[PDB]
Every structure is written in structure tokens, then in C-alpha cells.
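Going left to right, the sequence shown walks through residues 63 to 96, 103 to 213 as the entry's author numbering numbers them.
The C-beta atom is built at its ideal place from N, Cα and C for all residues, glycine as well.
Single-structure report; data block below.
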Amino acid sequence: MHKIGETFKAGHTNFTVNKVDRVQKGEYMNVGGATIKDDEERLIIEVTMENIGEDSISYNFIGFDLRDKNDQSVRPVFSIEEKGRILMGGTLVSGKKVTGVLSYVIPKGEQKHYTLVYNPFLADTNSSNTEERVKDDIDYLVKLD
Numbered sequence: 063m064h065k066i067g068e069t070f071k072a073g074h075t076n077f078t079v080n081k082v083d084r085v086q087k088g089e090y091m092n093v094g095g096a103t104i105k106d107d108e109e110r111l112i113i114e115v116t117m118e119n120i121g122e123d124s125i126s127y128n129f130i131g132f133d134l135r136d137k138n139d140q141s142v143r144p145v146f147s148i149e150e151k152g153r154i155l156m157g158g159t160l161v162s163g164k165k166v167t168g169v170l171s172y173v174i175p176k177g178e179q180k181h182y183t184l185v186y187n188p189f190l191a192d193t194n195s196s197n198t199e200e201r202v203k204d205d206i207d208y209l210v211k212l213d
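The structure is reproduced here in C-alpha cells:
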């Protein structure tokens with residue numbers, strides 16, 4: 063599939079999972095549809117998106133997902149710590165890069181059983197050229213080990 067550290071072409075972007083840091087003590091929060105503390109361990113995946121197409125890209129957190137060995141989604145989370153780094157949404161004009169973090173709570177030292185999923189069509193929320201990019205609708209897996 064794809065490994066941590068490797069850059070690859072995905073749709074109109076070059077995408078990469080930089081590092082995976084893990085924290086313990088700390089309060090975390092669900093990124094949508096809901103004070104909780106440490107559960108077991110929180111992944112802090114840093115990723116980078118590079119727009120290599122002509123059209124501007126409106127990147128969004130919904131384009132991301134973490135799956136189990138049983139291929140099940142893990143709710144996204146965010147900590148007050150990575151303030152300013154939390155990947156949410158924004159515009160990425162042609163030729164530009166954006167780096168941010170995704171976060172999830174999982175069983176202690178269970179990291180190797182997880183795959184980050186990236187769908188460039190889903191990640192780009194530009195409504196002006198949607199039909200013009202349906203071909204990008206494909207999942208890209210990055211195993212975390």
C-alpha cells in the first residue's frame with residue numbers, strides 16, 4: 063500500500079503521512095457529532117497535502133478516516149495541545165502545500181493495526197468543479213507501522 067514518510071500522487075494532490083506521535087495524559091475531544105480524559109492512547113498523525121492541479125482545493129477533514137484490522141472507522145479527535153496544527157478545512161491554491169494533524173484514540177501500543185485512508189475527491193470540497201473530478205474518487209491506504 064503506502065508507508066509512513068512516503069509521498070505519492072493521489073488525485074490532484076501529492077499526499078504524505080509525516081509522523082505518528084502518541085500521547086497519554088491529556089483531555090481530548092471528538093471532532094464532531096457529540103470532558104473526557106485519557107482512554108488508552110491517542111495517535112497524532114501529521115499529514116501534508118500538495119495541490120498539483122490548476123484549480124484551487126478546499127481541503128476538509130471529512131476526506132480522512134482511520135480503519136482497524138477489522139476495517140472499521142475510528143472517530144476523529146482533537147487535543148488543545150496541537151493548537152494551530154489541527155487539520156480542519158481551508159483553501160490550498162495551485163502549487164501550495166498544507167500540513168496538519170489528525171487524531172484518534174486507540175488501545176495502548178496497538179498502532180500497527182491501523183491504516184489511514186485518504187480520498188482526494190472527498191478531501192476536496194470545491195463545489196465549482198465537482199463533476200470535473202469524479203475520477204479522483206478513490207481510497208488511498210497508508211499502513212501505520
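Residue of the options minimising C-alpha distance to residue i
i	options	result
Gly152	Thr159, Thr167 and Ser162	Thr167
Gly177	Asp205, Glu122, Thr103 and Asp107	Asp107
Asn194	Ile66, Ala96, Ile125 and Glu109	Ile125
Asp83	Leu160, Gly94, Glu122 and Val169	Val169
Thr198	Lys165, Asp123, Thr78 and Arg110	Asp123
Straight-line Cα distance separating residue j from residue i
i	j	result
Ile112	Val85	8 Å
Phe189	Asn128	10 Å
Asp136	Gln179	10 Å
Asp192	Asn138	27 Å
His181	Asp207	18 Å
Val173	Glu150	15 Å
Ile66	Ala96	31 Å
Contact belief for residue i with residue j at Cβ below 8 Å, rounded distance in angstroms
i	j	result
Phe132	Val210	Wrong, their Cβ atoms sit about 11 Å apart, outside the cutoff.
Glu114	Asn76	Their Cβ separation, rounded to whole angstroms, is 15 Å, which puts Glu114 and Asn76 out of contact at 8 Å.
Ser147	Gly88	6 Å
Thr183	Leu212	7 Å
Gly163	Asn119	6 Å
DSSP bridge partner residues for residue i (one or two, in chain order)
i	result
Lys165	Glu118
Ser195	For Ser195, which the question treats as bridged, DSSP gives no partner whatsoever.
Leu111	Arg84 and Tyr172
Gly157	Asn128
Inspect the CB distances between the region 65-77 and the region 142-151 and report whether three or more fall short of 8 Å.
With contact defined as three or more Cβ pairs closer than 8 Å, the region 65-77 and the region 142-151 are not in contact.
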